[PDB]
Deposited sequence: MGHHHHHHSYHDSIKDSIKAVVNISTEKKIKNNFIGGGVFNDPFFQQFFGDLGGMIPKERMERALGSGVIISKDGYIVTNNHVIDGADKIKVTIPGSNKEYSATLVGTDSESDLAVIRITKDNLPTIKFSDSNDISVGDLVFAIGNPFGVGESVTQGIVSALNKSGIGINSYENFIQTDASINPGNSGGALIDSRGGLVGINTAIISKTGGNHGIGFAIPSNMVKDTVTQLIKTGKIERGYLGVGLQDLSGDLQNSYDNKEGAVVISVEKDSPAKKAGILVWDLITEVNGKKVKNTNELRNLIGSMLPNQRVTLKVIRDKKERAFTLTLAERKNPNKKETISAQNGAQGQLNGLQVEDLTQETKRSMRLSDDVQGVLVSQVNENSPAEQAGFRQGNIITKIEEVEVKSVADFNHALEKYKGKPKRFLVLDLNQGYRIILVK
């Protein structure tokens, strides 16, 4: 129904014309490819229907996913909403919307031809939705929308075939950039192909994600996974395909444990490992949104002049009016325990969130002026 607004929300980006972008908040936030804005200083946004240009500011970049977020100062913006890219199927009707110059958009009707292709992006490991709607440098960074008009991907030109970054990954990056200006994602280190060629699926058939590359110096390599291993389950959840996995790992935090079942020579095998990612922050995030924590370094401890020993993670920032703040966390607090784990580092902290994900957590919090405080979260 909302096809009209999606057309209204695809903007032109220029310095000459750089490419397209998609307004994803009435506020002023716009997502595009990182390669579209890479290197530009003067960045100007043109909204359909009007000739006026808006000076845009760079909110953040995510080169690894070839995404970036900019912002203009206007409200009452049309927006595209995020569809669940995990719920798209080969054969679905799609439209590729771009705004290559400042006037008039290109809309290319097509279908989803494949759920997962890699080896074509600036990042040879990035997985894309493949369509039969051609994506030129003009509509790069514009919108791939389903028949209902919701966003299932961000068009990405390769540098009658087109590729989009799945909307569920795009939404991960955009929240992170908008809230923190940075990406902070658990890194695993593997290239993944879908079995769904239907010919290997005749080879082994329980349908997860095959590693076509192991990234070296990666939680994957040392854990000893091998090219042609089939990851079939992620921390107890069956993995339909590559996009489901990367979205599972993507919403996960650095140095968290993860246990996968793999098929190799049909040999089932166990594979538990710790993701990877200057003793530095960590913000939430995709519960405890708005909480920022960091390690109590030796220097932080003495510049704060403690004592005694207090061991925990520093609450370095609490976003105003955030679920973290509603819960009662305050900047300068120290989190020392979460259920049974002595929180001594952001690592212990990230462990505890994983150990008790979705379960009630008793936070022991030291307020240096007030005393200890108990905070129960979900």
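Sequence order list of spans that the model leaves without C-alpha positions, deposited numbering: Unmodelled stretches: 1-11, 27-62, 207-213, 332-338, 348-349.
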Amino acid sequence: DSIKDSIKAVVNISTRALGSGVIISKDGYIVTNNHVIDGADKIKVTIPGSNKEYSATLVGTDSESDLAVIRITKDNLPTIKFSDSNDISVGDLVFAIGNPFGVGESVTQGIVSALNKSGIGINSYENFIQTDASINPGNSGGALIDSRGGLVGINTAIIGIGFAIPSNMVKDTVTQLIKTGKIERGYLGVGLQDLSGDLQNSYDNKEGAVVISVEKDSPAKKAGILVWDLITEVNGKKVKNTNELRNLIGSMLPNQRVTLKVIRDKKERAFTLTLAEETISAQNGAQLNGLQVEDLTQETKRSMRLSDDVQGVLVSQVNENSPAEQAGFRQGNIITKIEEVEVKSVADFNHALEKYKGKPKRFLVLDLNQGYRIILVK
From here on, numbers count along this sequence of modelled residues.
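Per the entry, where is the mean C-alpha temperature factor higher: 133-141 or 245-253? The stretch with the larger average C-alpha B-factor is 245-253.
Averaging only over Cα atoms, indicate whether 176-184 or 160-168 has the higher B-factor in the PDB entry. Taking the mean B-factor of the alpha carbons in each, 176-184 is higher.
In the PDB entry, which of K221, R71, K117, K81 has its C-alpha at the highest B-factor? That would be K221, according to the entry.
From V107, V94, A209, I88, residue of greatest CA B-factor: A209 has the highest C-alpha B-factor of those listed.
By its CA B factor, does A347 count among the lowest, middle or highest third of the modelled residues in the chain? Highest third.
State the tercile, meaning the lowest, middle or highest third, of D38 with respect to the CA B-factors recorded for its chain. CA B-factor rank for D38: middle third.
Could you place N319 in the lowest, middle or highest third of its chain by Cα temperature factor, using the values in the record? Highest third of the chain for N319's C-alpha B-factor.
When the deposited Cα B-factors of this chain's modelled residues are ordered and cut into thirds, is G290 in the lowest, the middle or the highest one? Middle third - that is where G290 ends up once the chain's C-alpha B-factors are sorted.
Considering only modelled residues of the same chain, in which third does the CA B-factor of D146 rank: lowest, middle or highest? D146: CA B-factor falls in the lowest third of its chain.
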